[PDB]
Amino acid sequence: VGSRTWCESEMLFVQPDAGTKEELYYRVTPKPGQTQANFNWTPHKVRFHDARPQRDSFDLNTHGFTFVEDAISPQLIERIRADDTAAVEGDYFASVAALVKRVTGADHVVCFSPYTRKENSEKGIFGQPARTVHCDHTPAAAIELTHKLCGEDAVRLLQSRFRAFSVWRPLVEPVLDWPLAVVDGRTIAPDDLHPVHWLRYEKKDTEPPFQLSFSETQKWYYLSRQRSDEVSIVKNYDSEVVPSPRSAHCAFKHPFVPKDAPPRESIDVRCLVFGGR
């Protein structure tokens, strides 16, 4: 069930055949009588290798994710936990942009779609830990988001290196239950990716993310006891040919934490990244 540098748990994948018949969709809030989806979630046992022994060796180009040290003020943390929208869109956005610039040397970072999450929150499934394995954007979604958020500069910006990141930070520390797991992007096969339209409304409103199916080739990681100063940067898209075109991420129930542990809290924001290495 567990060892010194790894443990076992479960995450919700999709079937390895899913999406070959027709386009997959999932309704967030189906009305009574409305079919919620044309596919089933399927849990699968996964071995989560602790990244803590090798924390600094993980790379956005090689693995598709990285862990970086970046302390922010306690006052900003409590403002974020207090659902201060101005604190998120102002100071924290600026924090995330500066961090990504530090890490990648990019010329321009655009933050969007912040999500503050709490174990068994009351803000819905997007304010709660993610239980389905996913990559936030397909190529079509990352490209669309660039036009949506950059307007006239989109074509100019897309002539250079274009990446999309999920930047994840714990709000209470250390993270024990429901940590954010990440997979080595070199161990994702093309057949593991399945676009799924997430219908927050009646009809499809954007381009879709990827959901993953399980493979034994996948090498899954987590950073045990992650602290508020340890930031996870997970690559959702990359326009350059690198060993990891993308990573994927999801949370899992840790089998060795007390039942009465306090709820996991965190904030993740997405960002478009132009330039850099």
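Residues carry their position along the shown sequence, with the first being 1.
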Per the entry, where is the mean C-alpha temperature factor higher: 145 to 153 or 184 to 192? 145 to 153
Between 128 to 136 and 103 to 111, the record assigns the higher mean Cα B factor to 103 to 111
So among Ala164, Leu199, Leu158, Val167, who wins on Cα B-factor in the entry? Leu158
How does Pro174 rank on Cα B-factor within its chain, lowest, middle or highest third? middle
So where's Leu60 on the chain's Cα temperature factor ranking, which third? middle
So, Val241's CA B-factor, relative to its chain, sits in which third? The highest
Third assignment of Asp70 from its chain's C-alpha B-factors: middle
Chain-relative CA temperature factor third for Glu23: highest
